[PDB]
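Order of the sequence lines fixes the chain letters, A, B, ..., with proteins taken first and strands second; residue numbering starts at 1 for each chain.
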Protein chains: 4
Amino acid sequence: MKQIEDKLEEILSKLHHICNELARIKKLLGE
Amino acid sequence: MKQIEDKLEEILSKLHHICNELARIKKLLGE
Amino acid sequence: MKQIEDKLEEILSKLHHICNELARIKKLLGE
Amino acid sequence: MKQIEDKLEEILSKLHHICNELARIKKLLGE
């Protein structure tokens, strides 16, 4: 269960790179 | 194209909301 | 904790609409 | 544009992998 709670944070971090990346996509699509 | 952008903006907003959801399950479990 | 385990599934389902939607975007970007 | 598509394909593959990650935390907790 700190097993769980720390995978959950790794998932968080990856979800944030993802959001960074859709936003950058969105920025290109826009130029 | 304004419609691809609008979707991307809306995907991001559903991401961010899942990110909040998840950080809170992280909260809980750390209890 | 079935509280937790069922939010986790709602999150799953939303992550799947998301993937459906990036793929459809990707399909438009491609025509 | 082939590069937007390639990214989108790669975001989706990181999603799908988070989806698997999460369904398994769901597994665990249902124990």
Side-chain angles (χ1 to χ4, degrees), chain A residues 1 4-5 8 11-16 18-26 28-31, chain B residues 1 4 6 8 11-13 15-23 25-26 28-30, chain C residues 1 4-5 8 11-16 18-26 28-31, chain D residues 1 4 6 8 11-13 15-23 25-26 28-30:
Chain A
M1 193 119 355
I4 297 188
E5 119 184 28
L8 286 179
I11 296 185
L12 287 165
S13 49
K14 294 212 234 73
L15 290 170
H16 301 178
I18 287 155
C19 293
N20 286 341
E21 280 170 290
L22 297 168
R24 194 204 150 220
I25 278 167
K26 221 209 337 145
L28 323 175
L29 288 162
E31 320 146 7
Chain B
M1 200 73 32
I4 279 161
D6 282 1
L8 280 170
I11 282 168
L12 284 152
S13 169
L15 291 169
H16 286 343
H17 174 60
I18 282 158
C19 284
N20 283 329
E21 286 191 274
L22 288 180
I25 282 173
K26 239 189 87 138
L28 269 46
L29 295 175
Chain C
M1 193 119 355
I4 297 188
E5 119 184 28
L8 286 179
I11 296 185
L12 287 165
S13 49
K14 294 212 234 73
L15 290 170
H16 301 178
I18 287 155
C19 293
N20 286 341
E21 280 170 290
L22 297 168
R24 194 204 150 220
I25 278 167
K26 221 209 337 145
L28 323 175
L29 288 162
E31 320 146 7
Chain D
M1 200 73 32
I4 279 161
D6 282 1
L8 280 170
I11 282 168
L12 284 152
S13 169
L15 291 169
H16 286 343
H17 174 60
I18 282 158
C19 284
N20 283 329
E21 286 191 274
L22 288 180
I25 282 173
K26 239 189 87 138
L28 269 46
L29 295 175

Fill in: CG on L8(D) to OG on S13(D), rounded to 0.5 Å
12.5 Å

Worksheet entry | Nearest heavy-atom neighbours spanning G30(D) and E5(C) | CA-OE1, 3.1 Å

Worksheet item: Below 4.5 Å, heavy atoms only, C-beta onward: do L28(C) and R24(C) meet side chain to side chain?
Response: yes

Worksheet item: Roughly how far, to the nearest 0.5 Å, is NZ of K26(C) from CG of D6(D)?
Response: 7.5 Å

Worksheet item: Any side-chain heavy atom of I18(A) within less than 4.5 Å of one from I18(D)?
Response: yes

Item to complete: Begin from the C-alpha positions of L22(C) and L22(A) and carry the test side chain to side chain contact (heavy atoms under 4.5 Å, CB included) through to its verdict.
Response: CA-CA 9 Å; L22(C) 297 168; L22(A) 297 168; 3.6 Å; yes

Response to the item:
Taking every heavy atom of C19(D) against every heavy atom of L15(C), the minimum-distance pair comes out as SG-CB, 3.6 Å

Worksheet item: Between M1(C) and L29(B), which heavy-atom pair has the shortest distance, and what is it?
Response: CE-CD2, 3.9 Å

